[PDB]
Amino acid sequence: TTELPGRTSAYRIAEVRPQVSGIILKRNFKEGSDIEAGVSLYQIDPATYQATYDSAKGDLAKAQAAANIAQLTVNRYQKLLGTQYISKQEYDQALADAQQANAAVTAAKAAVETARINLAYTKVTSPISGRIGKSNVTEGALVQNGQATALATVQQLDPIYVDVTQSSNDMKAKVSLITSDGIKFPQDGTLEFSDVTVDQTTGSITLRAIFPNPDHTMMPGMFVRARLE
Amino acid sequence: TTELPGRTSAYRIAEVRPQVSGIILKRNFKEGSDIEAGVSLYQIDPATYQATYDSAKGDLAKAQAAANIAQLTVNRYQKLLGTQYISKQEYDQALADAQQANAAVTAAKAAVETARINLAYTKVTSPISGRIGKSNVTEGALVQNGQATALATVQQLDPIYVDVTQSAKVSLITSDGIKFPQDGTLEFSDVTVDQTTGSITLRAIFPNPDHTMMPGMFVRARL
């Protein structure tokens, strides 16, 4: 039974950004809709990346063949050491070829994994579940890894925050809202943590309430009346 | 049941971009016309891209044939393994050579794919169906994979959004005062809250079968 001015704000915010460059093949969400973490939001055309993957896998296959063939000649030569039929320089040379082929195998495995992860990142996702806004990018757009502007922003809409203020002069714990000049939000909130924010110049106490928002009806950035029991 | 002003925006927009560099051989659309997704909008000169592909496929066949020879050798070794003492060495050699011939195949298939994928891109298309605007590029222009400016922009019209500003069946009044023949729907689902201001925004949706409605035109919605 004491009401204060309040602002709603998001519990979690994440920007949707590409980790790989290319062309946006498709947008998978409606703007302003509820989204789940890890779901494909945009598909970057994966054709060229799929290829780099198939290529790198083919360099691996050649390299493993080359390594296997050289490994077999090391074994042949090893069992002929000490006999009329081979020399230590010959074996040492076969050893060198093997090592050389093995290094190639090494580097090729690296190339495959690199190109595998680029392929996977062609489906662009959000780290959190929430309400996605407008898309800042049209379909068929050129996106670059590391570009300034985010493609979209998602805001976690369930547990919602409400920042509340009282003056120095003003001075289990229920909080509730009058949504917009009358009607009351049918959810009850509590204070999030045993902590405050105090203003330096003017003596002031800002509190934070946390409300469940399962019907996804509260939005952040809303001016709201808040009362505390 | 009164009035709340709105403006129409496109349901979908797509930029048309080349994913392969070369010369624009032909433009296949008239500017301002209605287009279908996946139809060739521009043809980039495919000559070199074709040559690579045909060439790559030639390699694959050769590689494939060599694998046939190596596989046949391994089969013989296998079949004689139930009857004769065969050197593990002569056998691991046959296997090792089959592995090698197969790897050349795996390599050659990817060269076909790489070439196939570029060739496909000589036909430039839009991912969505819609109204195409002016072309940003003339015929015979040099286009580059990854260039900044898009070749053209296409806007989906047939279902159109109407956005309205605030402080279920929905119907329209066009700029002239006449009413729109098919009416739309408003969802409490989709919203937007302009925090830079604290303003509300609802998105309405209307069929536009006759393409008469255009994006960016000032509208008068009813409820």
# chains A, B, ... in the order shown; residues from 1 in each chain; ligands from 1
$ select_by_dssp --residues "chain B" --states "alpha helix (DSSP H)" --output "number ranges by chain"
B: 47-81, 88-120
$ write_last_selection --atoms "C-alpha atoms" --output "mmCIF file, in the first residue's frame"
data_model
loop_
_atom_site.group_PDB
_atom_site.id
_atom_site.type_symbol
_atom_site.label_atom_id
_atom_site.label_comp_id
_atom_site.auth_asym_id
_atom_site.auth_seq_id
_atom_site.Cartn_x
_atom_site.Cartn_y
_atom_site.Cartn_z
ATOM 1 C CA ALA B 47 31.550 -19.820 -70.210
ATOM 2 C CA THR B 48 34.512 -20.224 -67.809
ATOM 3 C CA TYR B 49 32.274 -21.635 -65.059
ATOM 4 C CA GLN B 50 30.888 -24.227 -67.503
ATOM 5 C CA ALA B 51 34.397 -25.154 -68.683
ATOM 6 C CA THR B 52 35.600 -25.763 -65.111
ATOM 7 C CA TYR B 53 32.569 -27.963 -64.357
ATOM 8 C CA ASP B 54 32.731 -30.061 -67.548
ATOM 9 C CA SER B 55 36.435 -30.284 -66.838
ATOM 10 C CA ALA B 56 36.054 -31.344 -63.155
ATOM 11 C CA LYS B 57 33.502 -34.044 -64.146
ATOM 12 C CA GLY B 58 36.066 -35.415 -66.624
ATOM 13 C CA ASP B 59 38.531 -35.819 -63.749
ATOM 14 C CA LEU B 60 35.954 -37.587 -61.608
ATOM 15 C CA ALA B 61 35.277 -40.180 -64.271
ATOM 16 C CA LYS B 62 39.031 -40.890 -64.607
ATOM 17 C CA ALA B 63 39.451 -41.105 -60.835
ATOM 18 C CA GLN B 64 36.333 -43.283 -60.651
ATOM 19 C CA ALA B 65 37.770 -45.670 -63.306
ATOM 20 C CA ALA B 66 41.111 -45.968 -61.465
ATOM 21 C CA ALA B 67 39.173 -46.929 -58.316
ATOM 22 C CA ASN B 68 37.452 -49.624 -60.365
ATOM 23 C CA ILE B 69 40.915 -51.001 -61.296
ATOM 24 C CA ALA B 70 42.178 -50.922 -57.670
ATOM 25 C CA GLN B 71 38.941 -52.400 -56.246
ATOM 26 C CA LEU B 72 39.119 -55.274 -58.757
ATOM 27 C CA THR B 73 42.649 -56.083 -57.486
ATOM 28 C CA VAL B 74 41.477 -56.147 -53.849
ATOM 29 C CA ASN B 75 38.598 -58.497 -54.809
ATOM 30 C CA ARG B 76 41.062 -60.964 -56.335
ATOM 31 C CA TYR B 77 43.180 -60.919 -53.163
ATOM 32 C CA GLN B 78 40.051 -61.353 -51.064
ATOM 33 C CA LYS B 79 38.761 -64.318 -53.139
ATOM 34 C CA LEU B 80 42.137 -66.087 -52.996
ATOM 35 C CA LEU B 81 42.369 -65.527 -49.189
ATOM 36 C CA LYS B 88 49.872 -59.744 -45.594
ATOM 37 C CA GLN B 89 52.271 -57.329 -47.336
ATOM 38 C CA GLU B 90 51.067 -57.822 -50.939
ATOM 39 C CA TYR B 91 47.526 -57.566 -49.494
ATOM 40 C CA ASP B 92 47.950 -54.396 -47.408
ATOM 41 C CA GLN B 93 49.499 -52.907 -50.559
ATOM 42 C CA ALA B 94 46.375 -53.656 -52.623
ATOM 43 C CA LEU B 95 44.184 -52.220 -49.848
ATOM 44 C CA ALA B 96 46.455 -49.179 -49.545
ATOM 45 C CA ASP B 97 46.200 -48.527 -53.283
ATOM 46 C CA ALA B 98 42.412 -48.899 -53.220
ATOM 47 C CA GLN B 99 42.349 -46.414 -50.309
ATOM 48 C CA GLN B 100 44.423 -44.016 -52.437
ATOM 49 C CA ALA B 101 42.255 -44.395 -55.570
ATOM 50 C CA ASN B 102 39.127 -43.890 -53.447
ATOM 51 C CA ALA B 103 40.587 -40.707 -51.917
ATOM 52 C CA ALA B 104 41.150 -39.274 -55.398
ATOM 53 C CA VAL B 105 37.447 -39.951 -56.011
ATOM 54 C CA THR B 106 36.449 -38.197 -52.773
ATOM 55 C CA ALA B 107 38.694 -35.294 -53.828
ATOM 56 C CA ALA B 108 37.262 -35.240 -57.386
ATOM 57 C CA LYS B 109 33.623 -35.207 -56.211
ATOM 58 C CA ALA B 110 34.334 -32.042 -54.231
ATOM 59 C CA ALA B 111 35.914 -30.383 -57.213
ATOM 60 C CA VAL B 112 32.704 -31.229 -59.111
ATOM 61 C CA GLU B 113 30.591 -29.757 -56.291
ATOM 62 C CA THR B 114 32.698 -26.568 -56.051
ATOM 63 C CA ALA B 115 32.358 -26.087 -59.816
ATOM 64 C CA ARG B 116 28.669 -27.079 -59.816
ATOM 65 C CA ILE B 117 27.850 -24.544 -57.092
ATOM 66 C CA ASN B 118 29.553 -21.661 -58.942
ATOM 67 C CA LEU B 119 27.865 -22.569 -62.233
ATOM 68 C CA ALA B 120 24.453 -22.586 -60.543
#
$ residues_around --residues "residue 159 (chain A)" --least-positions-apart "3" --cutoff "7 Å" --atoms "only C-alpha atoms" --output "PyMOL selection string"
chain A and resi 11+210-213
$ residues_around --residues "residue 127 (chain A)" --least-positions-apart "4" --cutoff "8 Å" --atoms "only C-alpha atoms" --output "mmCIF file with C-alpha atoms, in the first residue's frame"
data_model
loop_
_atom_site.group_PDB
_atom_site.id
_atom_site.type_symbol
_atom_site.label_atom_id
_atom_site.label_comp_id
_atom_site.auth_asym_id
_atom_site.auth_seq_id
_atom_site.Cartn_x
_atom_site.Cartn_y
_atom_site.Cartn_z
ATOM 1 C CA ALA A 14 21.125 -10.675 -26.701
ATOM 2 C CA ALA A 37 17.446 -20.258 -27.929
ATOM 3 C CA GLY A 38 19.418 -22.314 -30.457
#
$ closest_residue --among "B:153, B:87, B:135, B:165" --to "residue 29 (chain B)" --atoms "only C-alpha atoms"
B:135
$ atom_distance --atom1 "CA of residue 144 (chain B)" --atom2 "CA of residue 18 (chain B)"
6.8 Å
$ select_by_dssp --residues "chain B" --states "strand (DSSP E)" --output "PyMOL selection string"
chain B and resi 3-9+12-16+22-27+34-35+42-44+123-124+130-132+142-143+152-156+159-166+169-173+184-194+199-207+218-222
$ residues_around --residues "residue 52 (chain A)" --least-positions-apart "2" --cutoff "9 Å" --atoms "only C-alpha atoms" --output "ChimeraX atom specification"
/A:47-50,54-57,112,115-116,119 /B:110,114
$ residues_around --residues "region 19-35 of chain A" --least-positions-apart "6" --cutoff "6 Å" --atoms "only C-alpha atoms" --output "ChimeraX atom specification"
/A:41-45,129-134,139-145 /B:190-191
$ write_last_selection --atoms "C-alpha atoms" --output "tab-separated table (two decimals), in the first residue's frame"
chain	number	residue	atom	x	y	z
A	41	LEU	CA	16.77	-17.53	-36.93
A	42	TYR	CA	18.49	-16.92	-40.26
A	43	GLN	CA	20.04	-19.35	-42.72
A	44	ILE	CA	23.14	-18.00	-44.44
A	45	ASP	CA	23.42	-19.74	-47.82
A	129	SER	CA	15.02	-17.45	-25.64
A	130	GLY	CA	12.87	-14.31	-25.91
A	131	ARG	CA	10.89	-11.87	-28.02
A	132	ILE	CA	12.73	-10.92	-31.22
A	133	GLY	CA	12.23	-7.42	-32.66
A	134	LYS	CA	12.42	-6.14	-36.23
A	139	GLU	CA	16.54	-11.59	-47.09
A	140	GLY	CA	19.32	-11.90	-49.69
A	141	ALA	CA	21.42	-9.43	-47.71
A	142	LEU	CA	25.20	-9.58	-47.51
A	143	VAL	CA	26.25	-10.07	-43.90
A	144	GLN	CA	29.89	-10.04	-42.73
A	145	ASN	CA	31.46	-11.71	-39.72
B	190	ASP	CA	3.17	-9.05	-32.57
B	191	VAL	CA	3.91	-5.66	-30.96
$ closest_residue --among "A:17, A:174, A:184, A:62" --to "chain B" --atoms "only C-alpha atoms"
A:62
$ atom_distance --atom1 "CA of residue 197 (chain B)" --atom2 "CA of residue 8 (chain A)"
14.1 Å
$ closest_residue --among "A:136, A:15, A:114, A:187" --to "chain B" --atoms "only C-alpha atoms"
A:136
$ closest_residue --among "A:102, A:138, A:125, A:39" --to "residue 154 (chain B)" --atoms "only C-alpha atoms"
A:138
$ closest_residue --among "A:193, A:223, A:121, A:91" --to "chain B" --atoms "only C-alpha atoms"
A:223
$ closest_residue --among "A:203, A:214, A:221, A:46" --to "residue 117 (chain A)" --atoms "only C-alpha atoms"
A:46
$ residues_around --residues "residue 139 (chain B)" --least-positions-apart "5" --cutoff "7 Å" --atoms "only C-alpha atoms" --output "count of residues only"
4
$ atom_distance --atom1 "CA of residue 217 (chain B)" --atom2 "CA of residue 157 (chain B)"
12.6 Å
$ decode --residues "region 91-125 of chain B" --atoms "N, CA and C atoms" --output "PDB file, in the first residue's frame"
ATOM      1  N   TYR B  91      48.938 -57.864 -49.763  1.00  0.00           N
ATOM      2  CA  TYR B  91      47.526 -57.566 -49.494  1.00  0.00           C
ATOM      3  C   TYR B  91      47.256 -56.157 -48.949  1.00  0.00           C
ATOM      4  N   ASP B  92      48.046 -55.745 -47.959  1.00  0.00           N
ATOM      5  CA  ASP B  92      47.950 -54.396 -47.408  1.00  0.00           C
ATOM      6  C   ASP B  92      48.293 -53.358 -48.471  1.00  0.00           C
ATOM      7  N   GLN B  93      49.177 -53.732 -49.396  1.00  0.00           N
ATOM      8  CA  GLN B  93      49.499 -52.907 -50.559  1.00  0.00           C
ATOM      9  C   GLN B  93      48.289 -52.686 -51.485  1.00  0.00           C
ATOM     10  N   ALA B  94      47.545 -53.753 -51.764  1.00  0.00           N
ATOM     11  CA  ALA B  94      46.375 -53.656 -52.623  1.00  0.00           C
ATOM     12  C   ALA B  94      45.351 -52.760 -51.937  1.00  0.00           C
ATOM     13  N   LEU B  95      45.081 -53.039 -50.660  1.00  0.00           N
ATOM     14  CA  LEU B  95      44.184 -52.220 -49.848  1.00  0.00           C
ATOM     15  C   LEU B  95      44.597 -50.757 -49.839  1.00  0.00           C
ATOM     16  N   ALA B  96      45.891 -50.524 -49.624  1.00  0.00           N
ATOM     17  CA  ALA B  96      46.455 -49.179 -49.545  1.00  0.00           C
ATOM     18  C   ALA B  96      46.287 -48.421 -50.850  1.00  0.00           C
ATOM     19  N   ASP B  97      46.402 -49.137 -51.971  1.00  0.00           N
ATOM     20  CA  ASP B  97      46.200 -48.527 -53.283  1.00  0.00           C
ATOM     21  C   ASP B  97      44.728 -48.246 -53.609  1.00  0.00           C
ATOM     22  N   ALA B  98      43.842 -49.134 -53.162  1.00  0.00           N
ATOM     23  CA  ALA B  98      42.412 -48.899 -53.220  1.00  0.00           C
ATOM     24  C   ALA B  98      42.068 -47.660 -52.384  1.00  0.00           C
ATOM     25  N   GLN B  99      42.596 -47.581 -51.162  1.00  0.00           N
ATOM     26  CA  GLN B  99      42.349 -46.414 -50.309  1.00  0.00           C
ATOM     27  C   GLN B  99      42.759 -45.132 -51.032  1.00  0.00           C
ATOM     28  N   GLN B 100      43.943 -45.152 -51.648  1.00  0.00           N
ATOM     29  CA  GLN B 100      44.423 -44.016 -52.437  1.00  0.00           C
ATOM     30  C   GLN B 100      43.520 -43.658 -53.629  1.00  0.00           C
ATOM     31  N   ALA B 101      43.139 -44.652 -54.432  1.00  0.00           N
ATOM     32  CA  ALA B 101      42.255 -44.395 -55.570  1.00  0.00           C
ATOM     33  C   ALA B 101      40.910 -43.860 -55.085  1.00  0.00           C
ATOM     34  N   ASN B 102      40.369 -44.422 -54.004  1.00  0.00           N
ATOM     35  CA  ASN B 102      39.127 -43.890 -53.447  1.00  0.00           C
ATOM     36  C   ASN B 102      39.235 -42.421 -53.017  1.00  0.00           C
ATOM     37  N   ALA B 103      40.356 -42.059 -52.393  1.00  0.00           N
ATOM     38  CA  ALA B 103      40.587 -40.707 -51.917  1.00  0.00           C
ATOM     39  C   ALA B 103      40.609 -39.712 -53.073  1.00  0.00           C
ATOM     40  N   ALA B 104      41.144 -40.127 -54.218  1.00  0.00           N
ATOM     41  CA  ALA B 104      41.150 -39.274 -55.398  1.00  0.00           C
ATOM     42  C   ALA B 104      39.699 -39.054 -55.840  1.00  0.00           C
ATOM     43  N   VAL B 105      38.867 -40.089 -55.707  1.00  0.00           N
ATOM     44  CA  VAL B 105      37.447 -39.951 -56.011  1.00  0.00           C
ATOM     45  C   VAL B 105      36.816 -38.932 -55.055  1.00  0.00           C
ATOM     46  N   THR B 106      36.978 -39.144 -53.750  1.00  0.00           N
ATOM     47  CA  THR B 106      36.449 -38.197 -52.773  1.00  0.00           C
ATOM     48  C   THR B 106      36.920 -36.778 -53.111  1.00  0.00           C
ATOM     49  N   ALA B 107      38.198 -36.612 -53.445  1.00  0.00           N
ATOM     50  CA  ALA B 107      38.694 -35.294 -53.828  1.00  0.00           C
ATOM     51  C   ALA B 107      37.981 -34.810 -55.085  1.00  0.00           C
ATOM     52  N   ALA B 108      37.870 -35.651 -56.122  1.00  0.00           N
ATOM     53  CA  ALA B 108      37.262 -35.240 -57.386  1.00  0.00           C
ATOM     54  C   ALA B 108      35.776 -34.849 -57.297  1.00  0.00           C
ATOM     55  N   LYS B 109      35.005 -35.589 -56.503  1.00  0.00           N
ATOM     56  CA  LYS B 109      33.623 -35.207 -56.211  1.00  0.00           C
ATOM     57  C   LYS B 109      33.505 -33.780 -55.641  1.00  0.00           C
ATOM     58  N   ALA B 110      34.467 -33.360 -54.828  1.00  0.00           N
ATOM     59  CA  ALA B 110      34.334 -32.042 -54.231  1.00  0.00           C
ATOM     60  C   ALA B 110      34.719 -30.982 -55.264  1.00  0.00           C
ATOM     61  N   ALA B 111      35.629 -31.332 -56.154  1.00  0.00           N
ATOM     62  CA  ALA B 111      35.914 -30.383 -57.213  1.00  0.00           C
ATOM     63  C   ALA B 111      34.670 -30.276 -58.137  1.00  0.00           C
ATOM     64  N   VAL B 112      33.905 -31.358 -58.299  1.00  0.00           N
ATOM     65  CA  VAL B 112      32.704 -31.229 -59.111  1.00  0.00           C
ATOM     66  C   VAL B 112      31.695 -30.315 -58.406  1.00  0.00           C
ATOM     67  N   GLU B 113      31.460 -30.584 -57.128  1.00  0.00           N
ATOM     68  CA  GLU B 113      30.591 -29.757 -56.291  1.00  0.00           C
ATOM     69  C   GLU B 113      30.931 -28.262 -56.293  1.00  0.00           C
ATOM     70  N   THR B 114      32.211 -27.948 -56.081  1.00  0.00           N
ATOM     71  CA  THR B 114      32.698 -26.568 -56.051  1.00  0.00           C
ATOM     72  C   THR B 114      32.365 -25.901 -57.377  1.00  0.00           C
ATOM     73  N   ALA B 115      32.646 -26.598 -58.480  1.00  0.00           N
ATOM     74  CA  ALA B 115      32.358 -26.087 -59.816  1.00  0.00           C
ATOM     75  C   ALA B 115      30.861 -26.014 -60.076  1.00  0.00           C
ATOM     76  N   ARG B 116      30.104 -26.993 -59.572  1.00  0.00           N
ATOM     77  CA  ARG B 116      28.669 -27.079 -59.816  1.00  0.00           C
ATOM     78  C   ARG B 116      27.981 -25.893 -59.165  1.00  0.00           C
ATOM     79  N   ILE B 117      28.362 -25.632 -57.920  1.00  0.00           N
ATOM     80  CA  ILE B 117      27.850 -24.544 -57.092  1.00  0.00           C
ATOM     81  C   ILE B 117      28.113 -23.169 -57.704  1.00  0.00           C
ATOM     82  N   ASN B 118      29.317 -22.912 -58.214  1.00  0.00           N
ATOM     83  CA  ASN B 118      29.553 -21.661 -58.942  1.00  0.00           C
ATOM     84  C   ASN B 118      28.734 -21.525 -60.221  1.00  0.00           C
ATOM     85  N   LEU B 119      28.627 -22.610 -60.991  1.00  0.00           N
ATOM     86  CA  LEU B 119      27.865 -22.569 -62.233  1.00  0.00           C
ATOM     87  C   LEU B 119      26.414 -22.198 -61.933  1.00  0.00           C
ATOM     88  N   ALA B 120      25.832 -22.856 -60.928  1.00  0.00           N
ATOM     89  CA  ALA B 120      24.453 -22.586 -60.543  1.00  0.00           C
ATOM     90  C   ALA B 120      24.271 -21.097 -60.271  1.00  0.00           C
ATOM     91  N   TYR B 121      25.289 -20.443 -59.700  1.00  0.00           N
ATOM     92  CA  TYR B 121      25.190 -19.032 -59.328  1.00  0.00           C
ATOM     93  C   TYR B 121      25.249 -18.084 -60.506  1.00  0.00           C
ATOM     94  N   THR B 122      25.500 -18.597 -61.711  1.00  0.00           N
ATOM     95  CA  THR B 122      25.496 -17.716 -62.893  1.00  0.00           C
ATOM     96  C   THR B 122      24.061 -17.254 -63.211  1.00  0.00           C
ATOM     97  N   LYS B 123      23.091 -18.076 -62.829  1.00  0.00           N
ATOM     98  CA  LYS B 123      21.688 -17.711 -62.821  1.00  0.00           C
ATOM     99  C   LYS B 123      21.439 -16.998 -61.497  1.00  0.00           C
ATOM    100  N   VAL B 124      21.253 -15.685 -61.526  1.00  0.00           N
ATOM    101  CA  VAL B 124      20.984 -14.946 -60.295  1.00  0.00           C
ATOM    102  C   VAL B 124      19.483 -14.838 -60.040  1.00  0.00           C
ATOM    103  N   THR B 125      19.075 -15.176 -58.822  1.00  0.00           N
ATOM    104  CA  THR B 125      17.660 -15.257 -58.480  1.00  0.00           C
ATOM    105  C   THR B 125      17.348 -14.499 -57.202  1.00  0.00           C
TER     106      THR B 125
END
